[PDB]
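Sequence order for the protein chains is B and A. Residue numbering for the first sequence follows PDB author numbering, beginning at 42 and increasing consecutively. Residue numbering for the second sequence follows PDB author numbering, beginning at 43 and increasing consecutively. All C-beta atoms, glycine included, are put in the ideal place defined by N, C-alpha and C. Working notes, structure below.
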Amino acid sequence: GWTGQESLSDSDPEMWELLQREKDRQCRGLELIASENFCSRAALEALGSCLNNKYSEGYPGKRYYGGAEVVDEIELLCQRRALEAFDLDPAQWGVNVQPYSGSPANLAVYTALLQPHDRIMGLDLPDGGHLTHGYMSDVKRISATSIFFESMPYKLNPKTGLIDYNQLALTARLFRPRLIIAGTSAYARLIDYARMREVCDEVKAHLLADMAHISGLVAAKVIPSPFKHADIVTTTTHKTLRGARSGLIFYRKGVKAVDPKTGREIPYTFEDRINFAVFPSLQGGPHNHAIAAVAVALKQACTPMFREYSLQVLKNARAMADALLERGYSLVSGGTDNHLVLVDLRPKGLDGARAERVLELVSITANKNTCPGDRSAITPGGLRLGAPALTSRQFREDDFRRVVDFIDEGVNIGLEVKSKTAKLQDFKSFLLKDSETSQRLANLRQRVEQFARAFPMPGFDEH
Amino acid sequence: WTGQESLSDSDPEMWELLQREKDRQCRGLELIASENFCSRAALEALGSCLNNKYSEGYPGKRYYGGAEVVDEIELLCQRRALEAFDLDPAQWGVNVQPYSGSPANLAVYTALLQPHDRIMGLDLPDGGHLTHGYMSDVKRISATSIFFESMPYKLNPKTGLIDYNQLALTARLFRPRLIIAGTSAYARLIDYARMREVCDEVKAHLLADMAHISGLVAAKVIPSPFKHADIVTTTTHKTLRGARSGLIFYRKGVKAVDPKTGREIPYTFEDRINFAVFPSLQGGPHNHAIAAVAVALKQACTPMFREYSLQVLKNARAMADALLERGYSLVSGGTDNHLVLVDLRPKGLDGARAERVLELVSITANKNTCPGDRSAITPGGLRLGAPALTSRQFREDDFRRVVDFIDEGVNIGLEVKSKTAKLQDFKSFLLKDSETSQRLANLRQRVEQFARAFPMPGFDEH
């Protein structure tokens, strides 16, 4: 009979086609999403392993079922590698490595610390926050966070394009939040974690730091560490950490503050609550296969290799920014200080939705973005470009400068098609239907795919 | 650094751990009702380039583009999941994004119910799952019991079956909006037909968490809960022998054209179920797991997987009949499923003692609270699971042989019990005592020799 040892190639050749088609797409394309990245073969070997076949319900040395002597060493190693990666003292810090992905990691923390219908503040979604930080329409609550808890957004200053820390302090005093969130999806500059902390300390609230995008940078110490000012830090292990899709939750432990009036020490009460909310509250069975893959990625994060990568990522953002500025493009917050280069297309007479679709057609995956004063919510006037993706294929300043030329030609096609159509649906149809436009795009595509294929791609060759 | 270096060369600390866990799995007799050995085909898909794609949203309606290939994958995973549980795509849909089993349920609760609405599920010690809702005397333990108000229904201690009589009685008082038809530790089948009558009367939704029996339901070797339930959650890694993920099957199209008004009434599950998955609870879908699940669902459709599932049932029967004929007492009489609920009080031993001893001789089984027990720390009873070893091509004769090893293990447990006081002591006496140690070390070797011979799905090394 069937052994279950048959290769995917032979076993399910419908699925094997699809793996190779998505592998080819990744290699011939210019990936320009800030959240995307190309994962190591080392980690993907661990991801697709026999660790799939273990129910290690619980935590090391406190499992529901036994026979977990090996996975305990793995989960404990993943911890000591995560503490080492963000250079944390195991006396002062712990970490939970179980979170299935980034989103659950945050929900775990909310559940661990807050009661239902407690008050949460995060950067607003169109100002560049994530759904997980809490988001409601006028008509309906959209985030799970905004259902179980009461979320109020803090916003940017439309002028500077920065987090209005002045108004954040103003609203907190009124709203009385118990947790304020220090993270972004679309924000070029850094976060004044120091100031955020002062706001919380004053309004007697917790400071969560969702360092999803910056995790790879923070690890390498090419950015200031939010661990200096925050007590709770959530993260994805797959954004700039270039690992498998999982999550982490860093938390404080030991002594908080020895009260001089009483004289006795006050303990941090995060560790027990954070872990209890992960399991047995929100999640169930851990994905030991992902935990292993994450520990391999955290091992890489500690190497000097990954530092130089992260130093290059920054310069490839700088390079891409300076290249755009010098083609008459407007960047939100003027320039980037990280890995993403928020772009404003209103001042070149184009929107995100038009640019996005055209770039996609020439094998350039980038995402539209809402830029301050963008009138139509439907069609955000702006674009978000991401270094880390291509930098992992060993790109350089010259290569990113070359990327922007391809982008620019794409934008010009966009501009020219815009004045020969009315609304977006028309624009998107004119790209496919029109013979002249089609061939102009087909040409640009070839040159882009030719350009991309040359550069190496981490992971396997075939899948 | 290319990032194309092998794990072997790259991180040889981690590579040792993979081989040690691979050896543990091969030399051990895995007897957990959840545990199963996943195919190489699916693990190849799990550890693939699909990790490196943010498919936020749904097919044809992604937040970011460049998802033409993953759309075909996510859509294929759907058509394979509908085909696996023989569903009409006119009448049924499915969401394939759930990260794991637990979130899949939380998605459904969030999709259908308001915060602090009323949920009923089999109690935890009676054999439910934490996700169905569980509170202590002092504090709410389940996330479900925090956001929503959960009341358990229990077994009948006499029969060892779901007291459908009292479920109907309490449900008229409690007025639940959602009742859950699933188990972790229950040998016999669920009268989904009766559960439905309860709900229909108390105007409630019937969720069917078919985690443990998903592989059986697929192969059509037991009752389909799709006949009586409208919502069906499942893990893709229990008896479906797939990668670690979750599904949510739901109704769609027309429910009932009301003859008074005359107009058709739609099922309003599809949009709410999907919205709760994304963009409410989850973010970036694990396309690598979705692919692995689609590979496993392809296998579930084959006649091969039927003969596996027919064998799984007989290997449960075989193990049950073998135990009954050695003086062991099974709860619920027997097993029409894949698990046997054993009672060790009538042979003068508890679960915690048996569990620890069997573990030491490479036999992973889990303790289980026999109905009417109350010893929490020391619950008299054990849960044995076919599917694990059946996937290594075990037979009735092999499972009969498994019980011999178990029996010897129990006897060692009994003998150590009368030479010790508190459980904590018992567990130390196993390690410390020279006579006991060698008797265990002997049993271990014979078990490991026995096990290694049988084949193991997946890779040879990792």
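- Item | Own chain, CB closer than 8 Å to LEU258/A, minus 5 neighbours either side, in chain order | Once the five neighbours on either side are set aside, the close Cβ partners of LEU258/A are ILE264, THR281, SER351, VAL354, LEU355, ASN379, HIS380.
- Task: Determine, using beta carbons only, whether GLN435/B and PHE501/B come nearer to each other than 9 Å.
- Result: No; because the gap between Cβ atoms is not below 9 Å, this pair is not in contact.
- Task: Give a yes or no on whether the minimum CB-CB distance between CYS91/B and chain A is below 9 Å.
- Result: With 9 Å as the cut-off, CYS91/B counts as an interface residue toward chain A.
- Task: Pull out every residue of the segment 60-79 of chain A whose Cβ sits closer than 7 Å to any Cβ of chain B, in chain order.
- Result: Flagged, chain order: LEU60, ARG62, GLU63, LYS64, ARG66, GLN67, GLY70, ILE74, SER76, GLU77, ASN78, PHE79.
- Query: Are the C-beta atoms of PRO421/A and some chain B residue less than 9 Å apart?
  - Reply: Chain B, which has no Cβ nearer than 9 Å to the Cβ of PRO421/A, makes this no.
- Rounded to a whole number of angstroms, what is the C-alpha to C-alpha distance between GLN46/A and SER433/B? Near 11 Å, if we compare the C-alpha coordinates of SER433/B and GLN46/A.
- Task: Between the Cα of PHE317/A and those of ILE255/B, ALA223/B, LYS181/B, spot the shortest distance and give me the residue it belongs to.
- Result: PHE317/A has its Cα closest to that of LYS181/B, out of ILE255/B, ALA223/B, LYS181/B.
- Would the beta-carbon of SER371/B fall within 9 Å of that of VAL382/B? No. Outside cutoff.
- Query: Hey, how far is the Cα of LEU386/B from the Cα of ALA229/B?
  - Reply: Rounded to whole angstroms, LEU386/B to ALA229/B spans 16 Å at the Cα level.
- Query: Which residue comes first and which comes last in the alpha helix (DSSP H) that contains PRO497/B?
  - Reply: Unbroken run through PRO497/B: none, as it is neither H nor E.
- Task: Mind listing the chain A neighbours of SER479/B? Cutoff is C-beta to C-beta under 8 Å, in chain order.
- Result: Per Cβ cutoff of 8 Å: no residues; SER479/B is ~17 Å from chain A at best.
- Task: Please list the residues of the segment 409-440 of chain B that have a C-beta atom closer than 8 Å to any C-beta atom in chain A, keeping them in chain order.
- Result: Legend: CB atoms of the segment 409-440 of chain B lying less than 8 Å from CB atoms of chain A belong to residues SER433.
- Are the segment 236-251 of chain B and the segment 269-288 of chain B touching by the rule of at least three beta carbon pairs closer than 8 Å? Contact between the segment 236-251 of chain B and the segment 269-288 of chain B is present, because at least three Cβ pairs lie under 8 Å.
- Message: Output needed in chain order: residues of the segment 201-232 of chain B with a Cβ under 8 Å from some Cβ in chain A.
- Response: Of all residues in the segment 201-232 of chain B, none places a beta-carbon less than 8 Å from a beta-carbon of chain A.
- Item | chain A residues whose Cβ lies nearer than 7 Å to that of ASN94/B | The CB of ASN94/B comes closer than 7 Å to the CB of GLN67, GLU77, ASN78, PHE79, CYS80 in chain A, given here in chain order.
- Item | Sub-9 Å separation of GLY170/A and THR225/A beta-carbons | At the C-beta level, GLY170/A and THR225/A come within 9 Å of one another.
- Item | Cutoff 6 Å; reference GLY427/A; Cβ partners in own chain excluding five residues on either side | If we look at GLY427/A and ignore the five residues flanking it on each side, its Cβ neighbours are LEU73, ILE74, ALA75, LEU381.
- Go ahead and pull the three-state DSSP assignment for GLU116/B. Reduced to three states, the DSSP call for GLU116/B is helix.
- Query: Can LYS200/A be considered in contact with the ligand GTP, in the sense that its beta carbon sits closer than 8 Å to one or more heavy atoms?
  - Reply: The ligand content of the structure shown is nil, which means the ligand GTP is not present either.
- Query: Just reading off the alpha helix (DSSP H) that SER144/B is part of, what are its end residues?
  - Reply: For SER144/B, the enclosing alpha helix (DSSP H) covers residues 143-154.
- Query: Going along the chain, which residues of the segment 235-260 of chain B sit with their C-beta nearer than 7 Å to a C-beta in chain A?
  - Reply: Correct list: empty, as no residue qualifies.
- Task: Assign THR201/B to one of two classes, buried (16 or more other C-beta atoms within 10 Å of its C-beta) or exposed (fewer than that).
- Result: Exposed, since its Cβ has fewer than 16 Cβ neighbours within 10 Å.
- Could you pull out every residue in the same chain whose Cβ sits closer than 6 Å to the Cβ of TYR309/A, ignoring the five residues on either side in sequence? Exclusion of the five residues before and after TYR309/A leaves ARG293, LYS294, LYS297 as the residues of its chain whose Cβ lies within less than 6 Å of its Cβ.
- Looking at C-alpha atoms only, which residue of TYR151/B, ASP53/B, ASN484/B, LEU49/B is the closest neighbour of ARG314/B? Cα-wise, what sits closest to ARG314/B is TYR151/B.
- First and last residue of the alpha helix (DSSP H) that includes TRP57/A? Counting along the chain, the alpha helix (DSSP H) containing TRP57/A begins and ends at 54-69.
- Opposite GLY163/A in the DSSP bridges: which residues? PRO194/A, per the DSSP bridge assignment.
- Looking only at DSSP bridge pairs, what is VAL399/B linked to? In DSSP, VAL399/B forms no bridge with anything.
- Task: Just confirm the distance between the C-beta atoms of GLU77/A and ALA430/A, as a whole number of angstroms; I'd bet it's less than 8 Å.
- Result: At roughly 5 Å, the Cβ-Cβ gap stays under 8 Å, so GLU77/A and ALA430/A are in contact.
- Item | Presumed contact (8 Å Cβ cut-off) between residue 567/A and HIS504/B, rounded CB distance | The shown model of chain A, from 43 to 504, leaves out residue 567/A, and the question about it has no answer.
- Query: Beta-carbon of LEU154/A versus every beta-carbon of chain B: anything under 9 Å?
  - Reply: It does not; no Cβ of chain B falls within 9 Å.
- Task: Express the C-alpha separation of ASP392/A and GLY369/A in angstroms, rounding to a whole number.
- Result: So the alpha carbons of these two residues sit roughly 15 Å apart.
- Three or more beta-carbon pairs under 8 Å between the segment 402-412 of chain B and the segment 479-495 of chain B, yes or no? Put simply, the segment 402-412 of chain B touches the segment 479-495 of chain B. At least three CB pairs are less than 8 Å apart.
- Item | Local Cβ density within 10 Å of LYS64/A, reported as buried at 16 or more and exposed below that | Buried, by the Cβ-count rule.
- Query: Do the segment 139-147 of chain A and the segment 285-292 of chain A make contact, defined as three or more Cβ pairs closer than 8 Å?
  - Reply: Yes, the segment 139-147 of chain A is in contact with the segment 285-292 of chain A.
- Query: How many Å lie between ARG359/A and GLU367/A at the Cα?
  - Reply: Distance between the alpha carbons of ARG359/A and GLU367/A: 12 Å.
- Under a three-way DSSP split, which group does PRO308/B fall into? In the structure shown, the three-state DSSP call for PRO308/B is strand.
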